[PDB]
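S.K.: Before I ask anything, let me first share the structure, which is written out below as structure tokens.
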2 protein chains.
Amino acid sequence: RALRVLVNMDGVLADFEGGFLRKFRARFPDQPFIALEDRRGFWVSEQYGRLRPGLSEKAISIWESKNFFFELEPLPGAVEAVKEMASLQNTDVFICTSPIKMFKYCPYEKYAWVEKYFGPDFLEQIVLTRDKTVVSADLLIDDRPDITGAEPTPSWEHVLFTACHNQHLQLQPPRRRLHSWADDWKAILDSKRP
Amino acid sequence: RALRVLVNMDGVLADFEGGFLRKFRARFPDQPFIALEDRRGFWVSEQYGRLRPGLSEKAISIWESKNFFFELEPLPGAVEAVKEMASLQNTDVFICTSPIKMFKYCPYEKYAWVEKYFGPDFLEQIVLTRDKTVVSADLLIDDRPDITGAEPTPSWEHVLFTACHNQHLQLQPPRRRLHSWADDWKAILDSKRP
Ligand SMILES: Cc1cn([C@H]2C[C@H](OP(=O)(O)O)[C@@H](CO)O2)c(=O)[nH]c1=O
Ligand SMILES: Cc1cn([C@H]2C[C@H](OP(=O)(O)O)[C@@H](CO)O2)c(=O)[nH]c1=O
Ligand SMILES: [Mg+2]
Ligand SMILES: [Mg+2]
């Protein structure tokens, strides 16, 4: 009876693209880079690899480094919106996020980041998983276009959160976007209420 | 169409009770302890607290310490059974586990432990969550008696994995047990197949 909304972390709450670019340029100042306006495709490393050999690996080294995830800036309006959303009657919010493959820092720092911006109690709302299709909900707000896994018919509707890497993408008609946290997320939630 | 089984970690794959007792006695040799045969109730700290003041906090300090989760021994038959289970046709296995509240080590070490016993590829199967009711599956094999959360009608059947803390518990009749990994887990899976 409560509406259940999964909110993705990187690309939705936390500015992974901006953080990556800043730290990449700082560490590899003699290398070429991709301006955010020129990003295409979800995987940063794939575009960097196309741009010259060995650059994929240098890109990966940025997000595998300590404090990369912890130091990400929140996207504008994201913390306020999620706080408001969680406080709504008949509304349960989980943060549903995937770790990178190297697990030394990323799990820990994602929990740390949520504590920082949402408080200790909000840690109870974190679902860390590589497969979001096995998490049941009414809505998943996520910047990644292709959300696949072991469940062929997830219970949620995937609402595509706009990011630099996806802003030009034409989606299969029934599919919907949340263009930013200034956009009308309440109306999206309301369209799903019983 | 594939059967989906969530397998819990502590108390099912990893021997949290035995590990705790060993390290508690080593660190607090002048304190009284609870032999595994005398354990009752899921929460170790609650029973320790009843046994004398301040002992709850000393207990908690054991599992909050570095390497506690990483150094847990697998339960007999657990690694072999899960490997066999995951290899079965039409059978998807996820490891569904909750972190403790202090997140400095536990997330990381649980991933590390799964890598150690199941290999890098099995990391894709981990779901870290405080709420298992929002994870959809056919079966949840879990030593904790009370599995609650935001979903009042989970999709899985909870099969109670026997542990020292629950072995005397009378369950509400429809509820089922897996008494150990030597017990016939294949038959349990089969009862759920379409
Ligand atoms: C490699 C890579 C990871 N990520 C993020 C997304 C996942 O986090 P999240 O699920 O919070 O969006 C995590 C693992 O892929 O890292 C990107 O956002 N872009 C990338 O290019
Ligand atoms: C405090 C406590 C935690 N745990 C485990 C269970 C959870 O792991 P798991 O979900 O893998 O069983 C984790 C957080 O409570 O620590 C016990 O098994 N016994 C306890 O007394
Ligand atoms: Mg994302
Ligand atoms: Mg357990």
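How things are named: the first chain in the structure tokens is A, the next is B, and so on; residues count from 1 in each chain; ligands count from 1 in the order shown.
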Around ligand 4, at most 9 Å away and counting only C-alpha atoms and all ligand atoms, which residues are there? Put them as a compact mmCIF listing (two decimals) with N, CA and C atoms, in the first residue's frame, please.

M.R.:
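part-v6.txt written:
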```txt
# COMPACT_ATOMS: atom_id res chain seq x y z
N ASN B 8 21.44 -16.46 2.77
CA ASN B 8 22.00 -15.58 3.77
C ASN B 8 23.46 -15.95 4.08
N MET B 9 24.21 -14.98 4.61
CA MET B 9 25.62 -15.18 4.89
C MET B 9 25.92 -15.61 6.30
N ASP B 10 25.87 -14.70 7.26
CA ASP B 10 26.21 -15.09 8.62
C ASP B 10 25.15 -16.06 9.15
N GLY B 11 25.62 -17.10 9.80
CA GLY B 11 24.73 -18.09 10.35
C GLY B 11 24.31 -19.14 9.35
N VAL B 12 24.72 -19.00 8.07
CA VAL B 12 24.31 -19.93 7.02
C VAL B 12 25.52 -20.36 6.21
N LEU B 13 26.30 -19.41 5.71
CA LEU B 13 27.57 -19.66 5.04
C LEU B 13 28.73 -19.50 5.96
N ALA B 14 28.68 -18.47 6.84
CA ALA B 14 29.80 -18.08 7.69
C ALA B 14 29.44 -18.25 9.15
N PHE B 16 29.37 -17.09 12.31
CA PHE B 16 29.44 -15.88 13.13
C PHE B 16 29.44 -16.24 14.63
N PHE B 42 18.24 -14.47 18.60
CA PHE B 42 19.11 -14.12 17.49
C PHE B 42 20.27 -13.20 17.91
N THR B 97 22.53 -10.50 2.38
CA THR B 97 23.16 -10.32 3.69
C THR B 97 23.04 -8.89 4.13
N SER B 98 22.93 -8.73 5.44
CA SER B 98 22.83 -7.42 6.04
C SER B 98 24.12 -6.99 6.67
N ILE B 141 16.92 -18.53 2.39
CA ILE B 141 17.47 -19.45 3.40
C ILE B 141 18.26 -18.59 4.38
N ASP B 142 17.77 -18.50 5.61
CA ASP B 142 18.23 -17.47 6.55
C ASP B 142 18.03 -17.97 7.98
N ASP B 143 19.06 -17.78 8.79
CA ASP B 143 19.02 -18.22 10.19
C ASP B 143 18.24 -17.33 11.13
N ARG B 144 17.96 -16.09 10.70
CA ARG B 144 17.17 -15.18 11.51
C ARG B 144 15.68 -15.50 11.47
N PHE B 161 17.23 -21.55 8.50
CA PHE B 161 18.46 -22.32 8.59
C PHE B 161 18.81 -22.50 10.05
```

S.K.: Within 12 Å of range 27-38 of chain A, which residues of range 64-177 of chain A come that close, and what is the closest atom pair and distance in Å for each? Count only C-alpha atoms and give it as a tab-separated table.

M.R.:
```
residue	atom	partner	partner_atom	distance
A:65	CA	A:27	CA	11.3
A:163	CA	A:36	CA	9.3
A:164	CA	A:36	CA	5.9
A:165	CA	A:36	CA	7.7
A:166	CA	A:37	CA	10.5
A:167	CA	A:37	CA	9.4
A:168	CA	A:37	CA	10.3
```

S.K.: For chain B, report every residue with an atom at most 6 Å from chain A (counting only C-alpha atoms), formatted as an MDAnalysis selection string.

M.R.: chainID B and resid 124 127:130 134:136

S.K.: Pick the closest to residue 181 in chain A from A:75, A:44, A:95, A:147: which is it, counting only C-alpha atoms?

M.R.: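 Once distances to residue 181 in chain A are computed over only C-alpha atoms, the minimum belongs to A:75.
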
S.K.: Ranking B:138, B:157, B:17, B:172 by minimum distance to residue 40 in chain B and counting only C-alpha atoms, which one comes first?

M.R.: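 Under the stated criterion, the closest residue is B:17.
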
S.K.: Based on the backbone DSSP call, show me all residues of range 46-94 of chain A assigned strand (DSSP E or B), as a ChimeraX atom specification.

M.R.: /A:74,91-94

S.K.: Those residues you just picked out, can you put them in a file as a tab-separated table (two decimals), in the first residue's frame with N, CA, C and O atoms?

M.R.:
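What ended up in selection-v7.tsv:
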```tsv
chain	number	residue	atom	x	y	z
A	74	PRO	N	27.02	16.19	-4.20
A	74	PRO	CA	25.63	15.93	-4.55
A	74	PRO	C	25.18	16.75	-5.77
A	74	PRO	O	25.64	17.89	-5.98
A	91	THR	N	5.03	6.50	1.55
A	91	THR	CA	6.14	6.56	0.60
A	91	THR	C	7.41	6.04	1.28
A	91	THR	O	7.87	6.62	2.26
A	92	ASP	N	7.91	4.92	0.77
A	92	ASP	CA	9.19	4.33	1.24
A	92	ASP	C	10.28	4.48	0.18
A	92	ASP	O	10.12	4.06	-0.94
A	93	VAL	N	11.39	5.05	0.58
A	93	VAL	CA	12.50	5.33	-0.33
A	93	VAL	C	13.71	4.50	0.07
A	93	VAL	O	14.08	4.48	1.25
A	94	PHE	N	14.29	3.84	-0.93
A	94	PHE	CA	15.53	3.08	-0.76
A	94	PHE	C	16.51	3.69	-1.73
A	94	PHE	O	16.12	4.10	-2.84
```
